[PDB]
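Descriptive analysis of the structure
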Amino acid sequence: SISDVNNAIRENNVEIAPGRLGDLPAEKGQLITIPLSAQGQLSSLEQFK
Amino acid sequence: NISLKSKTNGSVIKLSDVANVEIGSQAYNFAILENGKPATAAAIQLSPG
């Protein structure tokens with residue numbers, strides 16, 4: 001049903017949330033903090049098909 | 001003591017099993033040092049004019 005198609009398009013194109021490594025509170029002795037992101041969106045036609 | 005249903009064992013477990021619950025700052029962004037001694041402070045600004 002159309003609900004299935006809409007739900008699949010919702011879930012596969014998800015917009016994962018950005019985050020950071022080594023954020024406060026932090027362990028003793030942490031010297032490096034780096035932002036990290038994950039791509040979860042469909043890019044072009046091929047993935048959608 | 002929050003109850004949580006565990007899939008593998010089939011019996012109820014407690015939140016303490018899968019997490020440590022504490023009371024702490026809502027955000028850990030900022031910190032203060034008054035004379036090298038930890039403390040807390042707030043900055044007062046004045047309206048223009």
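Residues numbered from 1 in each chain as written, not as in the entry; some residues may be left out. Chains lettered and ligands numbered in written order. Part of a larger assembly, values for the part shown. Heavy atoms only, no water.

Going by the header, the method for this PDB entry is cryo-EM, and the resolution given is 3.42 Å.

1. Examining the overall build of chain A
Of the regular secondary structure elements, chain A holds two helices and two strands. Reported as C-alpha extents along the three principal axes, the dimensions of chain A are approximately 55 × 20 × 10 Å. Across the 49 residues that make up chain A, the buried fraction comes to 2%. Where the 4 positive side-chain charges of chain A centre and where its 6 negative ones centre are 6 Å apart. (Helix = DSSP H or I, 4+ residues; strand = E, 2+ residues; numbered from the N terminus. Buried < 20%, exposed > 50% of the residue type's maximum accessible area, 1.4 Å probe, protein only. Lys, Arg positive; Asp, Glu negative; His and termini not counted. Charge placed at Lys NZ, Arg CZ, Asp CG, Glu CD.)

2. Concerning the overall build of chain B
When helices and strands are tallied, chain B shows one helix and four strands. The helix and strand sequence of chain B, counted from the amino end, reads β-β-α-β-β. Taken along the three principal axes of its C-alpha coordinates, chain B extends 65 × 30 × 15 Å. The proportion of buried residues among the 49 residues of chain B is 2%.

3. Examining the environment of A:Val14
All names here are of chain A. Along the chain, the position of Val 14 falls in the loop between α1 (2-12) and β1 (19-20). On the accessibility criterion, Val 14 (45% relative accessible area) is partly exposed. Measuring from C-alpha to C-alpha, the distance between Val 14 and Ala 38 comes to 11 Å, with 24 residues separating the pair along the chain.

4. With respect to unusual backbone geometry
The phi angle of most residues is negative, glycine excepted, and most peptide bonds adopt the trans form. Residue and element names in this part refer to chain A. Here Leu 24 and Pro 25 are connected by a cis peptide whose omega angle stands at 0°. One can find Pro 25 in the loop between β1 and β2 (35-36). If you check the backbone angles, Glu 15 has positive phi at about 60° while not being a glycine. Locating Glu 15 in the fold gives a position in the loop between α1 and β1. Residue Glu 15 is classed as exposed on the basis of its relative accessible area, which comes to 55%.

5. Some details on the environment of B:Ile2
Residues and elements named next belong to chain B. Within the secondary structure layout, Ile 2 lies in the segment before β1 (3-5). Taking the C-alpha atoms as reference, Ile 2 lies 35 Å from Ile 32; in sequence the two are 30 residues apart. The residues touching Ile 2, leaving out its near neighbours within four places in the chain, are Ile 13, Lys 14 and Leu 15. (Contact = heavy atoms within 4.5 Å.)

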